[PDB]
Structures are given as C-alpha cells and as structure tokens.
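Q: The structure that follows is given in the form of structure tokens.
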Amino acid sequence: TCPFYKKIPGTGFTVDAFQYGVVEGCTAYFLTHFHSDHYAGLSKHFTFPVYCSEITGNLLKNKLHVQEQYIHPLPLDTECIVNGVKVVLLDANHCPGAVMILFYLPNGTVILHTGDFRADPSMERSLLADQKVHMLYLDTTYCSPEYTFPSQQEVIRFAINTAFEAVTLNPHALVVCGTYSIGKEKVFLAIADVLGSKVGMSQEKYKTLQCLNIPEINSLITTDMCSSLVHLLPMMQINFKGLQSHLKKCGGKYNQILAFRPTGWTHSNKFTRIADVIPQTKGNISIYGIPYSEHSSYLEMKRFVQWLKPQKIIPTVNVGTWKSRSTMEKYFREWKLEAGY
Ligand code: NI
C-alpha cells in the first residue's frame, strides 16, 4: 500500500504514487518529474487525473502514450486551484520539467514537497519566501556530511576546456557523452557549442529531447551520426570495449575517442578538486568521470532547510531501513538546534 510520505494530509492528493494500483481516496495524482522510479506503474492504461509541468506532460503523452484526457499540465510560478485546493509548482533545479509543489491546505497549513531537487539560494527569493511552511517533504538523497560536490558551472567549464583542447590537438577525435534518462543535458550541449557541432543520437533519444521545450533545439541535435562530432550513447556502453566497437561503426571518420561519464557522487569526491581530475586511458580512448549532480549536496540541503525553518520534516529518500531514518533524524535535530527553530 501507498506509504504515508506520498500522501498529502487533508486532501485526496498523492505525489509520485503510481505503483500501488488504485489508491483509496485519491482524486488527483501529481507527478514531480519524468524519472522511472517516480513514474513507475504509469502507462497508456492509466485512467485517473495526473497533474504535472508542461514538459512532464509532453513526455507522458509521447513516450508513455498516456491518453491526453488524463494529463493536466500546470504553468510554473502561478497560483492554481486543483479540486478546490490552492497549489503552486516551482522549478526544482533537477532535470527538465522537474517541480517542487506548494500545497495551501484549507485549515491554513502550508506544505512544501520538494520532489527531487538541487537546493539553491535562488529558491530563497521565490513564492516560498512569502509565508510560513509548516511541513516539508524532503529529497534526502545526499543527507550525510561526506557528500560534497563541485557546482554545475565548475564541472561544465572543465568539460568544455577538456573537449576543446583534445579536438584542437586531433581534429579526427570524436567526443562521446553517456546518458540513461533525462537530465544533465548541459554536459553535451556545452561541449557541442564549443566545438561548433550538433549532438548526434539515436531516434528514441532525439524524440525524448524534442519534448523538452529547449530553445533552438532543432539547431542543436540530429539523428545523422555521420555529420556530428559529439555523440550520445547509453551509459552502459561507456567503457573501452563499447567505445572501440562504436569507433569501428563510424567508418574510419574518427581515429580517437574522448568520453565523459556524468555520475553522481563516488568515493573520490573526498580528496580530489575538479581541476585535479585525470582520465582512465587505454590506447586511443580516454574516459573521464565527472561528478555533475542534480541533487542537493549536504551543505546545500542544510542551508535550504535552515532558511525555511519547517516545523516538521518528512524524508522521501532512503526511508526503507531504520538505521537510515535514525541517522537522518539526528541531522535534522542538529540543524534545528543550531538555527533556533
Ligand atoms: Ni530524479
């Protein structure tokens, strides 16, 4: 059955709750973003109202084939009424179309559900600043002090200078970026922009990008692999074997590969700055691991919550074991004692 952390008290609303069949009482199913963990169970066969951003609705329509009658897209930063209750969607700074949701309950309680998010100080001057938030449903993916990472901008600058150098040294090199879902598009679009190229990719991946309301998209991407010097491949192919195999496929148009694996955190975040990073190399193929995160670091999460001062926190990630829950509760009390709420 649907867990309490996916229900919104005193409404018949749920959030990211599609894998449990019909939820008893639920009149509106919200979807924060188009990642398979959150949408799991949604298909062309679902027949209840789904509320979501415009981007998320394009994806539901075109990738999952959910029927149009059941998709209710809502604009951002706008007060809307859903089944008699006032809501607002805000940018989550996660992947394309990902939202936080603000619910104003009839009794006067205010609830923020973050979805998946990367907390940022620009969220301190949104509609959130205008009133007290009593309850916070929080993306606790990286809720432990070991989880540090560079800014997105530091990582992109590094990727740009690295790719530009390699291709100026060898104008027959190919750049490859690994991918598995939506998100982290800036990695490949920034590399392509410094090399004066479009990004080549499969038909399924191009169809996905074409749903994302990215300005000038038709000038940036193509299905003609031949004509482009940045290619996208599935993350699973980003290894020496997969990359040599792909290089054979391209018809001796390239004689070298430089590949990027955007990942979350891995244990080498604890010593290495972005400027110290060096690739793994085997022959004419080099692979760079780059920690481009679309989740809050510990410090980013802590700052956001210390600013917001919620009366209660409801974790939404890593809630499956008592040890994880206990650990997280300890950090929430620390934050509250430091900040005086
Ligand atoms: Ni996500």
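Ordered as shown in the structure tokens, chains take letters A, B, and onward, while each chain numbers its residues from 1 and ligands are numbered from 1 in the order shown.
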Taking only residues of chain A that have an atom at most 12 Å from an atom of ligand 1, what is each one's shortest atom pair and its distance in Å to one decimal, using only C-alpha atoms and all ligand atoms, in chain and number order, as a Markdown table?
A:
| residue | atom | partner | partner_atom_place_in_ligand_line | distance |
| --- | --- | --- | --- | --- |
| A:16 | CA | ligand 1 | 1 (Ni) | 10.9 |
| A:31 | CA | ligand 1 | 1 (Ni) | 11.2 |
| A:32 | CA | ligand 1 | 1 (Ni) | 8.7 |
| A:33 | CA | ligand 1 | 1 (Ni) | 6.9 |
| A:34 | CA | ligand 1 | 1 (Ni) | 7.5 |
| A:35 | CA | ligand 1 | 1 (Ni) | 5.3 |
| A:36 | CA | ligand 1 | 1 (Ni) | 8.2 |
| A:37 | CA | ligand 1 | 1 (Ni) | 7.6 |
| A:38 | CA | ligand 1 | 1 (Ni) | 7.4 |
| A:39 | CA | ligand 1 | 1 (Ni) | 10.0 |
| A:92 | CA | ligand 1 | 1 (Ni) | 10.2 |
| A:93 | CA | ligand 1 | 1 (Ni) | 10.5 |
| A:94 | CA | ligand 1 | 1 (Ni) | 6.9 |
| A:95 | CA | ligand 1 | 1 (Ni) | 7.1 |
| A:96 | CA | ligand 1 | 1 (Ni) | 10.2 |
| A:97 | CA | ligand 1 | 1 (Ni) | 10.7 |
| A:98 | CA | ligand 1 | 1 (Ni) | 8.0 |
| A:99 | CA | ligand 1 | 1 (Ni) | 10.5 |
| A:100 | CA | ligand 1 | 1 (Ni) | 11.8 |
| A:114 | CA | ligand 1 | 1 (Ni) | 11.0 |
| A:115 | CA | ligand 1 | 1 (Ni) | 7.9 |
| A:116 | CA | ligand 1 | 1 (Ni) | 5.2 |
| A:117 | CA | ligand 1 | 1 (Ni) | 7.8 |
| A:118 | CA | ligand 1 | 1 (Ni) | 10.2 |
| A:139 | CA | ligand 1 | 1 (Ni) | 9.5 |
| A:140 | CA | ligand 1 | 1 (Ni) | 11.8 |
| A:141 | CA | ligand 1 | 1 (Ni) | 9.9 |
| A:180 | CA | ligand 1 | 1 (Ni) | 11.7 |
| A:181 | CA | ligand 1 | 1 (Ni) | 9.2 |
| A:182 | CA | ligand 1 | 1 (Ni) | 8.9 |
| A:183 | CA | ligand 1 | 1 (Ni) | 8.4 |
| A:184 | CA | ligand 1 | 1 (Ni) | 11.1 |
| A:264 | CA | ligand 1 | 1 (Ni) | 11.6 |
| A:293 | CA | ligand 1 | 1 (Ni) | 10.8 |
| A:294 | CA | ligand 1 | 1 (Ni) | 7.9 |
| A:295 | CA | ligand 1 | 1 (Ni) | 8.1 |
| A:296 | CA | ligand 1 | 1 (Ni) | 11.5 |
| A:316 | CA | ligand 1 | 1 (Ni) | 11.8 |
| A:317 | CA | ligand 1 | 1 (Ni) | 10.7 |
Q: How would the residues just chosen look if you wrote them out with N, CA, C and O atoms as a short mmCIF file (atom, residue, chain, number, x, y, z; two decimals), in the first residue's frame?
A:
data_model
loop_
_atom_site.label_atom_id
_atom_site.label_comp_id
_atom_site.auth_asym_id
_atom_site.auth_seq_id
_atom_site.Cartn_x
_atom_site.Cartn_y
_atom_site.Cartn_z
N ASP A 16 3.93 11.17 -6.77
CA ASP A 16 4.78 10.08 -7.25
C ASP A 16 4.33 8.68 -6.80
O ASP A 16 5.15 7.80 -6.46
N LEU A 31 2.67 14.21 -10.44
CA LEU A 31 3.94 13.61 -10.80
C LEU A 31 5.02 14.70 -10.81
O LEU A 31 4.87 15.64 -11.60
N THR A 32 6.06 14.63 -9.93
CA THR A 32 7.04 15.71 -9.89
C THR A 32 7.95 15.85 -11.15
O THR A 32 8.32 16.97 -11.49
N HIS A 33 8.38 14.72 -11.73
CA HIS A 33 9.24 14.69 -12.90
C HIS A 33 9.29 13.32 -13.55
O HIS A 33 8.94 12.26 -12.91
N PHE A 34 9.83 13.34 -14.76
CA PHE A 34 9.83 12.15 -15.61
C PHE A 34 11.08 11.28 -15.42
O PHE A 34 11.92 11.22 -16.33
N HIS A 35 11.25 10.71 -14.22
CA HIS A 35 12.28 9.66 -13.95
C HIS A 35 11.52 8.36 -13.57
O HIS A 35 10.52 8.44 -12.84
N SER A 36 11.99 7.20 -14.07
CA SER A 36 11.20 5.93 -13.94
C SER A 36 10.84 5.51 -12.51
O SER A 36 9.75 5.00 -12.30
N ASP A 37 11.75 5.65 -11.54
CA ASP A 37 11.35 5.48 -10.13
C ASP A 37 10.09 6.23 -9.69
O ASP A 37 9.29 5.69 -8.92
N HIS A 38 9.88 7.45 -10.20
CA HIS A 38 8.78 8.30 -9.75
C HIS A 38 7.51 8.02 -10.56
O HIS A 38 6.34 8.15 -10.02
N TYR A 39 7.69 7.70 -11.85
CA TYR A 39 6.54 7.41 -12.68
C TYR A 39 6.12 5.90 -12.69
O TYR A 39 5.04 5.59 -13.20
N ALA A 92 12.43 22.88 -9.65
CA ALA A 92 13.20 22.08 -8.64
C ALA A 92 14.73 22.12 -8.93
O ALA A 92 15.58 21.59 -8.15
N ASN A 93 15.15 22.67 -10.09
CA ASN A 93 16.62 22.60 -10.37
C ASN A 93 17.16 21.16 -10.36
O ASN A 93 18.22 20.87 -9.78
N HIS A 94 16.42 20.27 -10.98
CA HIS A 94 16.72 18.82 -11.07
C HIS A 94 16.91 18.57 -12.57
O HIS A 94 17.84 19.15 -13.14
N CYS A 95 16.00 17.84 -13.23
CA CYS A 95 16.06 17.60 -14.66
C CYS A 95 14.96 18.42 -15.32
O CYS A 95 14.18 19.02 -14.61
N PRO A 96 14.91 18.47 -16.69
CA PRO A 96 13.89 19.25 -17.42
C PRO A 96 12.45 18.90 -17.00
O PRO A 96 12.10 17.70 -16.85
N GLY A 97 11.66 19.93 -16.71
CA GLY A 97 10.33 19.76 -16.19
C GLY A 97 10.07 19.32 -14.78
O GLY A 97 8.87 19.11 -14.38
N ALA A 98 11.12 19.23 -13.98
CA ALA A 98 11.03 18.73 -12.56
C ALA A 98 10.55 19.91 -11.72
O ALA A 98 11.09 21.03 -11.89
N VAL A 99 9.57 19.66 -10.84
CA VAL A 99 8.89 20.70 -9.98
C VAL A 99 8.92 20.36 -8.50
O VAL A 99 9.02 19.18 -8.11
N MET A 100 8.94 21.40 -7.66
CA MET A 100 8.51 21.25 -6.25
C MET A 100 7.06 21.70 -6.26
O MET A 100 6.69 22.52 -7.14
N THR A 114 9.36 18.74 -2.12
CA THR A 114 10.46 19.15 -2.98
C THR A 114 10.58 18.33 -4.24
O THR A 114 11.39 18.65 -5.11
N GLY A 115 9.91 17.21 -4.33
CA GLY A 115 10.29 16.19 -5.39
C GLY A 115 11.74 15.75 -5.25
O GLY A 115 12.25 15.67 -4.13
N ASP A 116 12.41 15.53 -6.39
CA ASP A 116 13.87 15.53 -6.46
C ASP A 116 14.29 16.95 -6.75
O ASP A 116 13.71 17.62 -7.64
N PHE A 117 15.29 17.42 -6.00
CA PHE A 117 15.76 18.82 -6.17
C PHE A 117 17.23 19.03 -5.91
O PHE A 117 17.83 18.22 -5.18
N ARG A 118 17.81 20.09 -6.52
CA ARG A 118 19.15 20.59 -6.09
C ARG A 118 18.99 21.97 -5.52
O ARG A 118 18.78 22.94 -6.24
N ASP A 139 13.68 15.68 -0.35
CA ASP A 139 14.64 14.80 -1.05
C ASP A 139 15.93 14.69 -0.25
O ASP A 139 16.78 15.65 -0.26
N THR A 140 16.08 13.56 0.46
CA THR A 140 17.20 13.30 1.37
C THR A 140 18.26 12.40 0.72
O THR A 140 19.07 11.82 1.43
N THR A 141 18.36 12.39 -0.64
CA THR A 141 19.30 11.54 -1.32
C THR A 141 20.72 11.65 -0.71
O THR A 141 21.37 10.61 -0.40
N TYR A 180 21.41 8.04 -19.37
CA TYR A 180 20.29 6.99 -19.22
C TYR A 180 18.83 7.46 -19.09
O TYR A 180 17.88 6.70 -19.29
N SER A 181 18.64 8.68 -18.71
CA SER A 181 17.33 9.22 -18.57
C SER A 181 17.52 10.68 -18.93
O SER A 181 18.63 11.11 -19.32
N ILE A 182 16.46 11.45 -18.77
CA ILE A 182 16.56 12.87 -18.92
C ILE A 182 17.39 13.53 -17.77
O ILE A 182 17.60 12.96 -16.67
N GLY A 183 17.88 14.73 -18.01
CA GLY A 183 18.81 15.34 -17.06
C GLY A 183 20.23 15.37 -17.56
O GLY A 183 20.62 14.59 -18.46
N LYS A 184 20.97 16.37 -17.06
CA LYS A 184 22.36 16.56 -17.35
C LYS A 184 22.61 16.92 -18.82
O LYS A 184 23.74 16.78 -19.30
N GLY A 264 26.75 10.64 -10.29
CA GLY A 264 26.58 11.32 -9.02
C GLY A 264 27.90 11.38 -8.24
O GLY A 264 28.98 11.65 -8.78
N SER A 293 26.10 16.81 -10.51
CA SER A 293 24.98 16.32 -9.67
C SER A 293 23.64 17.08 -9.93
O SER A 293 23.68 18.26 -10.00
N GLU A 294 22.47 16.42 -10.02
CA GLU A 294 21.19 17.18 -9.98
C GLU A 294 20.40 16.96 -8.68
O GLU A 294 19.19 17.16 -8.67
N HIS A 295 21.11 16.65 -7.58
CA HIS A 295 20.61 16.59 -6.23
C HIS A 295 21.43 17.52 -5.33
O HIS A 295 22.64 17.77 -5.56
N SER A 296 20.80 17.92 -4.24
CA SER A 296 21.42 18.74 -3.18
C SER A 296 22.65 18.08 -2.58
O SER A 296 22.58 16.93 -2.23
N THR A 316 11.79 11.73 1.97
CA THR A 316 11.25 10.91 0.86
C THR A 316 12.26 9.95 0.22
O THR A 316 11.90 9.19 -0.66
N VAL A 317 13.49 9.93 0.67
CA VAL A 317 14.51 9.10 0.04
C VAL A 317 15.32 8.43 1.13
O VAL A 317 15.55 9.04 2.17
#
Q: What's the 12 Å shell around residue A:30, counting only C-alpha atoms, without same-chain residues fewer than 4 positions away, as a PyMOL selection string?
A: chain A and resi 6-8+12-18+26+34+38-39+42+48-53+56-57+70-74+82+87+89+98-103+113+115
Q: I want to know what sits within 7 Å of residue A:152, based on only C-alpha atoms, with residues of the same chain fewer than 3 positions away left out; could you give that as a count of residues only?
A: 3
Q: Which of these, A:64, A:163, A:81, A:90, has the shortest distance to residue A:122 once you count only C-alpha atoms?
A: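 Distance minimum relative to residue A:122 lands on A:90.
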Q: Could you please determine the separation between atom CA of residue A:173 and atom CA of residue A:243 in Å, to one decimal place?
A: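 For atom CA of residue A:173 relative to atom CA of residue A:243, the distance reads 12.5 Å.
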Q: Kindly indicate which residue among A:169, A:204, A:161, A:3 lies nearest to residue A:192, using only C-alpha atoms for the distances.
A: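 Of A:169, A:204, A:161, A:3, the one nearest residue A:192 is A:161, counting only C-alpha atoms.
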Q: Do a neighbour search on residue A:105 at 12 Å with only C-alpha atoms, toss out local chain neighbours closer than 4 positions, and write the hits as number ranges by chain.
A: A: 8-13, 81-87, 109-112, 133-135
Q: Take the residues just selected and output them with N, CA, C and O atoms as a PDB file, in the first residue's frame.
A:
ATOM      1  N   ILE A   8      -0.767  13.620   0.937  1.00  0.00           N
ATOM      2  CA  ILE A   8      -0.818  14.981   1.365  1.00  0.00           C
ATOM      3  C   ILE A   8      -2.061  15.136   2.277  1.00  0.00           C
ATOM      4  O   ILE A   8      -3.182  15.032   1.766  1.00  0.00           O
ATOM      5  N   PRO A   9      -1.855  15.343   3.624  1.00  0.00           N
ATOM      6  CA  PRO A   9      -2.967  15.345   4.618  1.00  0.00           C
ATOM      7  C   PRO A   9      -4.080  16.325   4.306  1.00  0.00           C
ATOM      8  O   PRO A   9      -3.816  17.475   3.924  1.00  0.00           O
ATOM      9  N   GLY A  10      -5.302  15.827   4.410  1.00  0.00           N
ATOM     10  CA  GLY A  10      -6.488  16.652   4.309  1.00  0.00           C
ATOM     11  C   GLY A  10      -6.811  17.048   2.920  1.00  0.00           C
ATOM     12  O   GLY A  10      -7.403  18.096   2.724  1.00  0.00           O
ATOM     13  N   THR A  11      -6.377  16.208   1.958  1.00  0.00           N
ATOM     14  CA  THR A  11      -6.731  16.292   0.565  1.00  0.00           C
ATOM     15  C   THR A  11      -6.892  14.822   0.150  1.00  0.00           C
ATOM     16  O   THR A  11      -6.509  13.889   0.902  1.00  0.00           O
ATOM     17  N   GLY A  12      -7.373  14.596  -1.051  1.00  0.00           N
ATOM     18  CA  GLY A  12      -7.247  13.292  -1.671  1.00  0.00           C
ATOM     19  C   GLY A  12      -6.093  13.275  -2.667  1.00  0.00           C
ATOM     20  O   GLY A  12      -6.227  12.635  -3.707  1.00  0.00           O
ATOM     21  N   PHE A  13      -4.990  14.013  -2.400  1.00  0.00           N
ATOM     22  CA  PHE A  13      -3.869  14.035  -3.316  1.00  0.00           C
ATOM     23  C   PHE A  13      -2.781  13.041  -2.932  1.00  0.00           C
ATOM     24  O   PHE A  13      -2.501  12.844  -1.725  1.00  0.00           O
ATOM     25  N   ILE A  81      -5.843  26.288  -8.836  1.00  0.00           N
ATOM     26  CA  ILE A  81      -6.786  25.569  -7.943  1.00  0.00           C
ATOM     27  C   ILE A  81      -6.889  24.216  -8.543  1.00  0.00           C
ATOM     28  O   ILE A  81      -7.081  24.140  -9.745  1.00  0.00           O
ATOM     29  N   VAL A  82      -6.644  23.163  -7.754  1.00  0.00           N
ATOM     30  CA  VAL A  82      -6.851  21.784  -8.159  1.00  0.00           C
ATOM     31  C   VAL A  82      -7.858  21.133  -7.173  1.00  0.00           C
ATOM     32  O   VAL A  82      -7.568  21.048  -5.967  1.00  0.00           O
ATOM     33  N   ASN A  83      -8.984  20.614  -7.686  1.00  0.00           N
ATOM     34  CA  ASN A  83     -10.072  20.052  -6.848  1.00  0.00           C
ATOM     35  C   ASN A  83     -10.374  20.860  -5.588  1.00  0.00           C
ATOM     36  O   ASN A  83     -10.368  20.340  -4.499  1.00  0.00           O
ATOM     37  N   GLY A  84     -10.559  22.171  -5.736  1.00  0.00           N
ATOM     38  CA  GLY A  84     -10.786  23.035  -4.563  1.00  0.00           C
ATOM     39  C   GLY A  84      -9.632  23.466  -3.670  1.00  0.00           C
ATOM     40  O   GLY A  84      -9.869  24.169  -2.670  1.00  0.00           O
ATOM     41  N   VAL A  85      -8.388  23.093  -4.016  1.00  0.00           N
ATOM     42  CA  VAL A  85      -7.209  23.414  -3.171  1.00  0.00           C
ATOM     43  C   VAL A  85      -6.196  24.246  -3.993  1.00  0.00           C
ATOM     44  O   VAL A  85      -5.875  23.892  -5.114  1.00  0.00           O
ATOM     45  N   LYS A  86      -5.686  25.305  -3.391  1.00  0.00           N
ATOM     46  CA  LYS A  86      -4.686  26.184  -3.999  1.00  0.00           C
ATOM     47  C   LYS A  86      -3.296  25.490  -4.031  1.00  0.00           C
ATOM     48  O   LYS A  86      -2.785  25.056  -2.998  1.00  0.00           O
ATOM     49  N   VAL A  87      -2.716  25.387  -5.216  1.00  0.00           N
ATOM     50  CA  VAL A  87      -1.328  24.897  -5.379  1.00  0.00           C
ATOM     51  C   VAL A  87      -0.447  25.829  -6.198  1.00  0.00           C
ATOM     52  O   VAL A  87      -0.952  26.574  -7.010  1.00  0.00           O
ATOM     53  N   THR A 109      -2.716  25.290   7.045  1.00  0.00           N
ATOM     54  CA  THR A 109      -1.391  24.629   6.963  1.00  0.00           C
ATOM     55  C   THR A 109      -0.781  24.821   5.538  1.00  0.00           C
ATOM     56  O   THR A 109      -1.519  24.773   4.522  1.00  0.00           O
ATOM     57  N   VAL A 110       0.538  24.987   5.454  1.00  0.00           N
ATOM     58  CA  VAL A 110       1.246  25.105   4.159  1.00  0.00           C
ATOM     59  C   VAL A 110       2.293  23.979   4.084  1.00  0.00           C
ATOM     60  O   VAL A 110       3.072  23.831   5.029  1.00  0.00           O
ATOM     61  N   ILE A 111       2.294  23.187   2.989  1.00  0.00           N
ATOM     62  CA  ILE A 111       3.203  22.022   2.815  1.00  0.00           C
ATOM     63  C   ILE A 111       4.028  22.193   1.570  1.00  0.00           C
ATOM     64  O   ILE A 111       3.446  22.410   0.491  1.00  0.00           O
ATOM     65  N   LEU A 112       5.350  22.114   1.701  1.00  0.00           N
ATOM     66  CA  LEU A 112       6.228  22.025   0.527  1.00  0.00           C
ATOM     67  C   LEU A 112       6.709  20.571   0.292  1.00  0.00           C
ATOM     68  O   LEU A 112       7.307  19.950   1.213  1.00  0.00           O
ATOM     69  N   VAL A 133       6.050  27.855   6.082  1.00  0.00           N
ATOM     70  CA  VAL A 133       5.822  26.453   5.651  1.00  0.00           C
ATOM     71  C   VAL A 133       5.857  25.506   6.840  1.00  0.00           C
ATOM     72  O   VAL A 133       6.874  25.406   7.514  1.00  0.00           O
ATOM     73  N   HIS A 134       4.794  24.784   7.100  1.00  0.00           N
ATOM     74  CA  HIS A 134       4.717  24.005   8.320  1.00  0.00           C
ATOM     75  C   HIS A 134       5.361  22.624   8.138  1.00  0.00           C
ATOM     76  O   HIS A 134       6.010  22.080   9.085  1.00  0.00           O
ATOM     77  N   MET A 135       5.210  22.055   6.943  1.00  0.00           N
ATOM     78  CA  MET A 135       5.700  20.676   6.730  1.00  0.00           C
ATOM     79  C   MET A 135       6.493  20.611   5.414  1.00  0.00           C
ATOM     80  O   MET A 135       6.054  21.161   4.397  1.00  0.00           O
TER      81      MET A 135
END
Q: Pick out the closest residue to residue A:131 from this set: A:298, A:188, A:104, A:20. Count only C-alpha atoms.
A: A:104
Q: To one decimal place, how far is atom CA of residue A:132 from atom CA of residue A:311 in Å?
A: 9.4 Å
Q: Could you please determine the separation between atom CA of residue A:339 and atom CA of residue A:91 in Å, to one decimal place?
A: 25.9 Å
Q: Between A:147, A:236, A:47, A:197, single out the one closest to residue A:266, counting only C-alpha atoms.
A: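 When distances to residue A:266 are compared using only C-alpha atoms, the smallest one comes from A:147.
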Q: Report the residues of stretch 99-317 of chain A whose backbone DSSP state falls under strand (DSSP E or B), written as number ranges by chain.
A: A: 99-104, 110-113, 135-138, 173-179, 199-200, 221-222, 230-234, 256-263, 280-282, 285-291, 312-315
Q: Please produce a file of the residues just selected, as an mmCIF file, in the first residue's frame, where the atoms kept are C-alpha atoms.
A:
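File produced: again_5.cif:
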data_model
loop_
_atom_site.group_PDB
_atom_site.id
_atom_site.type_symbol
_atom_site.label_atom_id
_atom_site.label_comp_id
_atom_site.auth_asym_id
_atom_site.auth_seq_id
_atom_site.Cartn_x
_atom_site.Cartn_y
_atom_site.Cartn_z
ATOM 1 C CA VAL A 99 8.893 20.702 -9.985
ATOM 2 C CA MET A 100 8.514 21.250 -6.253
ATOM 3 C CA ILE A 101 4.835 21.618 -5.196
ATOM 4 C CA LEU A 102 3.433 24.075 -2.632
ATOM 5 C CA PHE A 103 0.013 22.989 -1.195
ATOM 6 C CA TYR A 104 -2.104 25.512 0.777
ATOM 7 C CA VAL A 110 1.246 25.105 4.159
ATOM 8 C CA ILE A 111 3.203 22.022 2.815
ATOM 9 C CA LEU A 112 6.228 22.025 0.527
ATOM 10 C CA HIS A 113 7.022 18.778 -1.388
ATOM 11 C CA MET A 135 5.700 20.676 6.730
ATOM 12 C CA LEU A 136 8.472 19.748 4.287
ATOM 13 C CA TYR A 137 8.633 16.544 2.268
ATOM 14 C CA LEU A 138 12.376 16.439 1.525
ATOM 15 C CA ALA A 173 38.767 12.786 -32.442
ATOM 16 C CA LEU A 174 35.210 12.023 -31.501
ATOM 17 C CA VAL A 175 33.575 13.186 -28.223
ATOM 18 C CA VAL A 176 31.084 10.784 -26.568
ATOM 19 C CA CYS A 177 28.803 11.563 -23.586
ATOM 20 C CA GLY A 178 26.963 8.764 -21.720
ATOM 21 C CA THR A 179 23.264 9.190 -20.658
ATOM 22 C CA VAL A 199 24.852 16.400 -30.943
ATOM 23 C CA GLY A 200 24.149 13.091 -32.711
ATOM 24 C CA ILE A 221 20.654 17.970 -32.166
ATOM 25 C CA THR A 222 20.373 15.443 -35.033
ATOM 26 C CA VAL A 230 29.638 14.792 -30.305
ATOM 27 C CA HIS A 231 27.628 11.582 -29.928
ATOM 28 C CA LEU A 232 25.304 10.345 -27.125
ATOM 29 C CA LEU A 233 25.335 6.700 -26.134
ATOM 30 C CA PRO A 234 23.762 4.765 -23.259
ATOM 31 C CA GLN A 256 40.249 8.628 -31.345
ATOM 32 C CA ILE A 257 37.546 8.906 -28.594
ATOM 33 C CA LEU A 258 37.226 11.165 -25.546
ATOM 34 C CA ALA A 259 34.274 10.079 -23.379
ATOM 35 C CA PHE A 260 32.540 11.603 -20.371
ATOM 36 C CA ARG A 261 30.569 9.611 -17.715
ATOM 37 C CA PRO A 262 28.466 12.102 -15.738
ATOM 38 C CA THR A 263 27.843 10.360 -12.423
ATOM 39 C CA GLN A 280 41.392 6.474 -17.465
ATOM 40 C CA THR A 281 43.204 5.670 -20.748
ATOM 41 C CA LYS A 282 43.642 2.557 -22.980
ATOM 42 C CA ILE A 285 40.338 6.003 -25.937
ATOM 43 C CA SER A 286 40.140 8.150 -22.779
ATOM 44 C CA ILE A 287 37.279 8.153 -20.204
ATOM 45 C CA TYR A 288 36.652 10.997 -17.754
ATOM 46 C CA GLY A 289 34.430 10.568 -14.679
ATOM 47 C CA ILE A 290 32.764 13.949 -13.821
ATOM 48 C CA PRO A 291 30.575 14.434 -10.780
ATOM 49 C CA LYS A 312 8.228 19.082 10.655
ATOM 50 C CA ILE A 313 10.350 17.236 8.042
ATOM 51 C CA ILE A 314 9.144 14.159 6.145
ATOM 52 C CA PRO A 315 12.006 12.375 4.344
#
Q: Considering only C-alpha atoms, can you say which of A:229, A:55, A:119, A:66 comes closest to residue A:299?
A: A:119
Q: Write out as an MDAnalysis selection string the set of residues from stretch 225-284 of chain A that DSSP, computed on the backbone, places in alpha helix (DSSP H).
A: chainID A and resid 240:249
Q: Considering only C-alpha atoms, can you say which of A:4, A:331, A:206, A:271 comes closest to residue A:144?
A: A:331
